[PDB]
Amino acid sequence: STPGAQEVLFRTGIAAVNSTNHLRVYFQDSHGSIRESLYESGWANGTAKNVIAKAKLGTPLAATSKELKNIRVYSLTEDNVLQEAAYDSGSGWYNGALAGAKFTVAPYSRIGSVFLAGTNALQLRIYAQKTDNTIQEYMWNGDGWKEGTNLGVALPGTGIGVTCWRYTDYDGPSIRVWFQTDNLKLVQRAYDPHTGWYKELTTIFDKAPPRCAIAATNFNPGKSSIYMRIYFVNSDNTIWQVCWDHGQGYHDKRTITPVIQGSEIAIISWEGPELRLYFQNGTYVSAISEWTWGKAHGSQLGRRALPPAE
């Protein structure tokens, strides 16, 4: 390993945001502080001078953004209250109002977060697991945090994946949420602007490891078309990918890359499509590694050890 890599918590939560190939990655260090590494034509930071929040050890991490003008990063306090680190262009980093609402979740809860697409207004939906193991939606729509729709019972400590886009034909955001149920299946809940939340759980994988990491993204949204990618750590100790492609539905499942036992994962994407995965695969023991996909070279490992590791 390296002195920098040692600062990164083993099996740390991971989250990432971007505006095309301008990237931010968030993770937890060994003392509980949440750090930010960035990519601006080169990787940097991720040091003790790059802390945006403090959370309990082994906290989940979630993040969403509107380009890089507005960024929100979610974690858990030591009392298992959802808290929010907020960045706004022109104001910098500050404590968000979420913790003020005093939403307590399960100790083993994960978090998902999305800005609602299709509008310039700042609307947020975040998802967590309450003490009754149900996946609760919490919302921001301009004046205060409120509980939203409850998405039903999930496995204790389930991973939570979430993505959001807007069909050109429709006037409102579409939302997809992925988690693991008691039968260890991976399933999808769905919201569309013209239907509201569908009742149907859609299975995307029959049997995954318990509390496996889950993360999802979407690209190339159209009039009534979408392409989605969902990633989870399978029992063979690699990240697996599930593909939704317009005109084919869920039509592919394949391994992507090795990871350490019990690695967390983050996924970002931009039009192209370009994909970036972040995870731990044992590089310098505890460093975060990058996996890439692009039209030019296809599936390629990226940055081997993110800052502060190198």
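Don't overthink the numbering: it's just position in the shown sequence, from 1.
Here the stretch with the larger average CA B-factor, out of 165-173 and 68-76, is 165-173.
When 111-119 is weighed against 229-237, 111-119 comes out higher, by mean CA B-factor as recorded in the entry. Ranked by Cα temperature factor within the chain, residue 103 sits in the middle third according to the deposited record.
Per the PDB record, residue ranking by Cα B-factor puts residue 60 in the lowest third of the chain. When the modelled residues of the chain are ordered by their C-alpha B factor, residue 19 lands in the highest third. For residue 138, the recorded CA temperature factor ranks within the middle third of the chain's modelled residues.
The PDB entry assigns residue 298 a C-alpha temperature factor belonging to the highest third of its chain's modelled residues.
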